[PDB]
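> Experimental structure below, sequence on top.
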Amino acid sequence: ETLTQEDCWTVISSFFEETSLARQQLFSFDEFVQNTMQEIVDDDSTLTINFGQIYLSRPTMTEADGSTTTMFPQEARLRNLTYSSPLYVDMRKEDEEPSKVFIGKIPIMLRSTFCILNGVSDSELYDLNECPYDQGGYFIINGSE
Amino acid sequence: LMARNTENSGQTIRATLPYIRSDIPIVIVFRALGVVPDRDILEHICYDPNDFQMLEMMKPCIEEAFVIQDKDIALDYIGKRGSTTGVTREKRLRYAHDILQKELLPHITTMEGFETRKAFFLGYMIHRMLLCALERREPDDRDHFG
Amino acid sequence: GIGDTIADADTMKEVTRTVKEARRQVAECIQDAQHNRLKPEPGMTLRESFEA
Amino acid sequence: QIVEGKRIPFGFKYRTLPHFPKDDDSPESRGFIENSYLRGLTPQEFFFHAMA
Amino acid sequence: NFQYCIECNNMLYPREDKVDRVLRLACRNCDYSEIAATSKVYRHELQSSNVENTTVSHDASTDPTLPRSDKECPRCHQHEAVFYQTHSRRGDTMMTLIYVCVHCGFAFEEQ
Amino acid sequence: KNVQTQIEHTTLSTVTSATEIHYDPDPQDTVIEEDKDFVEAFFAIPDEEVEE
Amino acid sequence: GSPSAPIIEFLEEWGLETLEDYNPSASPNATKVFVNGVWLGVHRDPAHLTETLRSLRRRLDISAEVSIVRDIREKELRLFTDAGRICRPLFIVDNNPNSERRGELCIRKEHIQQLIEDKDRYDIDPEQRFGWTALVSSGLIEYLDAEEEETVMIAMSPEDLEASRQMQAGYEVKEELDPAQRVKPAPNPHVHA
């Protein structure tokens, strides 16, 4: 019972085991998402047409003479592709059921709660042409970080 | 606050209350919430004893409301948005109430029946001011950050 | 090299002596100017003529 | 070390930093190192130096 | 002292009693009129303090961030006592450094 | 010092505490609030023109 | 950021803490209470009110991002929570006194060895190798806001804390044994704990 300095590090190493660097960035976006945003659309969901909750959808791509295949960055990027996913808000006009209509697209931030990676093990990051050191924090809109 | 022109007058304090329009002495706004009668208004600012010094400064402040003088006029002296409109009273009154529920200290509460809450804050605000002109503390530090 | 930066061991004892021996010179100021026995002047003020 | 003609300024509150009492008008805290770039500088000091 | 007055609590204006020749306060709202309390009326004051007892460090003992003395708590009794000064903008408000015990609160001054 | 204190603003700088307003009917009214009063009475006693 | 609702639940409800009017003459003072600058409340003995809040952050019953303030010179007890605060994980002391005489350190070697049991991980479940993610759930390290500092008194190195504890009863300093090093400010100006 006294406590030595070499111990303090053995504590603050734990902090970087879980919290990691850039943790909040990166987290101030991991919460958007769902999140506080489904209530902000309800502050003005009126029109002499009502806005509902919004289905969460993973980042995909749709193109002519092609099909609906999700994105797999960074195998994207170079296709100068913007890395977003579609928003779908239930609209109310009355036929009991809503409408699930698409409302523009929102650019996702790499390595998030709702990203294409999140819980992916190191050995599996390579397969995808990624780098276990990347710590997210950025967007790849129009092909560039 | 003002305190210049040794000729005009006795160091009198005002307010702005965004986003329109000019300067509006303090008593005018207490009288626009639910506290028109004097004395009670000072209770929200200072607390006797008292300590007249900190209060005294009110003299010039109240004088600005020597015409208010109730609830009608108060809301009246608020016709200046703006882009040329109104006509005139009734309408003006409505705008005043709207302001008190969105503009006048927009946080706290934006409901309807909560004008007695925003009545103290102003007293609290101006409580601070008095502490500085009388030289009782020091102007907060914008350095923070903190 | 560093050696050119490391003052004599003996003669370094006498360094640390004349530094900690100037604490006592503040002690006789931090507490002696709490008994209003400065004093100050000129240029002012009293808190400043202490800092000085 | 200095700053605008006055040893390390106070604020926040009535203190140089949160590793000190209040009204600590002593060098052992307010910008003032005792060691050189050899030992050399102590945390509670290192910062004072960087901000000067 | 210049106060308000019953009925319609409001400001009180000064008013001499010529004929009689005495003090007498009143208001511009109603009519109420009470006698004076002292010859004094208004004071200037260029500034010479404004704390006296600055009531009342009643929150110093719980101020983990404050210094403390050692025995000698005039009156009451016990050891340990927190202190502190004032220093407000300008001065030179010397340093009437005061104190307060932890098991009481007697603003025991000192030279 | 003859000159040191022979070219200064001066004016009402010694009062700075200050100006008080008392209402006193008869030319022989006072109170206090302290001592004085006596001096005033002595000045009136010399009735050298009081009426004027 | 954390919801500004469930926060007043632990305030209006406890205690007593009364809103509405309560001003003419009595109360104040009687200190007040802001929250996100929203001064709804008067509250009396801040004493009980604070210690019991701070222990809500040590169990995590409330978001750990909440600051607390006790301006014993301007009254008031500001309580922020809106997003944009900055933190800084520290160690604490918790001095009642009660256990272990007076102080002192709030972690035990025990704790640490336990931490290392998770570096060797993974190898379990949740559970969950309590590696920091719990070192706050156990009231060991408090995150401090920038405005929370004002009311606090941190230490630099454990050595300084140990020396202060020894003085509280008179204990040699031993300054004639140290060798070329960062000459600290010895011993310790006042500051009992």
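It's in. Numbers count the residues shown, from 1 in each chain, chains lettered A, B, ... in the order given.
> which residues of chain F fall in helices?
Per DSSP state H, chain F carries helices over the ranges F:38-44.
> quick one: contacts of the longest strand anywhere in chain A?
As assigned by DSSP state E, the longest strand anywhere in chain A is strand A:84-92. With contact meaning Cβ atoms under 8 Å, 6 or more residues apart in numbering or on different chains, strand A:84-92 is reached by A:41, A:49-55, A:57-60, A:98-108, A:141. Using the backbone N, CA and C atoms, a C-beta is placed for each residue, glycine as well.
> any idea whether the residue sitting furthest away from the middle of chain D is helix, strand or coil?
The C-alpha centroid of chain D is most remote from residue D:38, which lies 18.7 Å away (Cα atoms, centre = their mean). Following DSSP: H, G, I helix; E, B strand; the rest coil, we place residue D:38 in the coil state.
> what ranges do the helices span in the chain?
Looking at chain A here, since you left the chain open. Under DSSP H, chain A gives helices at A:5-18, A:37-40, A:122-127.
> wrong one, chain G
Along chain G, counting by DSSP H, helices occupy G:6-12, G:46-57, G:109-119, G:158-167.
> partner strands of the longest strand of chain A, parallel or antiparallel?
strand A:50-55 (antiparallel), strand A:101-107 (antiparallel) (DSSP bridges).
> Give me the residue at the spatial middle of chain B.
For chain B, residue B:26 is the residue whose C-alpha lies nearest the centre (Cα atoms, centre = their mean; 3.0 Å).
> can you pull the contacts of that one?
By Cβ under 8 Å, 6+ apart, the contact list for residue B:26 reads B:13-15, B:61, B:64-65, B:122, B:126.
> what about 10 Å?
B:12-15, B:41, B:45, B:58, B:61-62, B:64-65, B:122-123, B:125-126 (Cβ atoms under 10 Å, 6 or more residues apart in numbering or on different chains).
> What is the burial count for residue A:47?
Using other Cβ atoms under 10 Å in any protein chain shown, residue A:47 has 7 other residues around it.
> related to what we said a few turns ago, could you redo the helices of chain A as TSV and give each row distance to residue G:2?
Converted to TSV, these look like this (distance: least, Cβ to Cβ, whole Å):
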stretch	distance to residue G:2
helix A:5-18	20
helix A:37-40	15
helix A:122-127	32
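> could those helices be laid out in TSV, adding distance to chain G?
What follows is the helices of chain A, written out as TSV (distance: least, Cβ to the nearest Cβ, whole Å):
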stretch	distance to chain G
helix A:5-18	4
helix A:37-40	11
helix A:122-127	13
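> For residue B:19, which of these is the nearest?
helix A:37-40 (22.4 Å; Cβ to Cβ).
> Up against chain B, what does chain E have?
Applying Cβ under 10 Å from any Cβ of the partner chain, one finds that chain E approaches chain B through E:1-5, E:8-12, E:27-29, E:42-43, E:45, E:47, E:49-51, E:54, E:87-90.
> Of those residues, grab the buried ones for ChimeraX.
Applied in ChimeraX, the following selects the buried portion of the residues of chain E next to chain B according to 16 or more other Cβ atoms under 10 Å in any protein chain shown:
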select /E:2,3,4,5,9,10,11,12,27,29,50,87,88
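> Please list which of the residues of chain E next to chain B are also close to chain G.
residue E:54.
> Find the closest residue to chain B in chain C.
residue C:47 (13.6 Å; Cβ to the nearest Cβ).
> Next, give phi and psi for the nearest residue to that residue once chain neighbours are set aside.
Once flanking residues are discounted, residue C:47 sits nearest to residue E:91: 5.7 Å by Cβ to Cβ, 6 or more residues apart in numbering or on different chains. Per-residue torsions, residue E:91: phi -150, psi -130 (degrees, to the nearest 10).
> got the contact list for residue E:91?
C:40, C:44-48.
> Roughly how far does it sit from chain F?
Relative to chain F, residue E:91 is positioned 15 Å away (Cβ to the nearest Cβ, to the nearest Å).
> Mind listing the residues bridging to residue A:91?
Taking DSSP bridges, one obtains residue A:51 as the residues bridged to residue A:91.
> Endpoint to endpoint, stretch A:69-86 covers what distance?
Its start and end residues considered, stretch A:69-86 measures 13 Å (Cα to Cα, to the nearest Å).
> So which bits of that stretch are buried?
Buried residues in stretch A:69-86 (16+ other Cβ under 10 Å): A:71, A:73-74, A:76-77, A:81-85.
> Just give the closest residue to whichever residue of chain G sits closest to chain B, not the sequence neighbours.
The minimum distance from chain G to chain B, using Cβ to the nearest Cβ, falls at residue G:146 (3.8 Å). Sequence neighbours aside, residue B:146 is the residue nearest to residue G:146 in space, at 3.8 Å (criterion: Cβ to Cβ, 6+ apart).
> quick one, what contacts the one you found?
Contact partners of residue B:146, counting by Cβ under 10 Å, 6+ apart, are D:11-12, G:86, G:145-150.
> Closest one of the residues you listed to residue E:72?
residue G:150 (29.2 Å).
> Around chain F, pick out the residues from chain E.
So far as Cβ under 10 Å from any Cβ goes, chain E lies against chain F at E:14-18, E:20-24, E:36, E:38-49.
> how about 8 Å then?
Contacts of chain E with chain F, taken as Cβ under 8 Å from any Cβ of the partner chain, map to E:14, E:16, E:21-23, E:38-48.
> Grab the two from these that are most spread out in space.
Farthest-apart pair in the residues of chain E next to chain F is E:21 and E:47; separation 35.0 Å (Cβ to Cβ).
> The residue of chain C closest to chain B: how many residues sit nearby?
Using other Cβ under 10 Å, residue C:47 has 19 other residues around it.
> Distance of it relative to residue E:95?
Residue C:47 is 8 Å from residue E:95, where distance means Cβ to Cβ, to the nearest Å.
> anything in contact with each of those two?
In contact with both residue C:47 and residue E:95: residue E:87, using Cβ under 8 Å, 6+ apart.
> Now the residue nearest the centre of chain F: closest residue in space, sequence neighbours ignored.
The C-alpha lying nearest the average C-alpha coordinate of chain F belongs to residue F:40 (Cα atoms, centre = their mean; 9.1 Å). Once flanking residues are discounted, residue F:40 sits nearest to residue F:30: 6.3 Å by Cβ to Cβ, 6+ apart.
> Pull the contacting residues for that neighbour.
Residue F:30 touches E:39, F:24, F:36-37, F:40, counting by Cβ under 8 Å, 6+ apart.
> Which members of those residues occur in strands, if any?
Among the contacts of residue F:30, no member lies in strands (by DSSP E).
> Just give me the closest of these to residue G:94.
Checking the contacts of residue F:30 one by one against residue G:94 (Cβ to Cβ), the nearest turns out to be residue E:39, at 59.7 Å.
> Which single residue of chain A approaches chain C most closely?
residue A:5 (23.7 Å).
> The strands paired with strand A:84-92 into TSV, with extra columns for mean neighbour count?
Output for those, formatted as TSV (neighbours: other Cβ atoms under 10 Å in any protein chain shown):
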stretch	mean neighbour count
strand A:50-55	15
strand A:101-107	12
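> how near is the residue of chain A found nearest chain B to residue G:37?
For chain A, the residue closest to chain B is residue A:43, as judged by Cβ to the nearest Cβ, at 11.4 Å. Going from residue A:43 to residue G:37 by Cβ to Cβ gives 21 Å.
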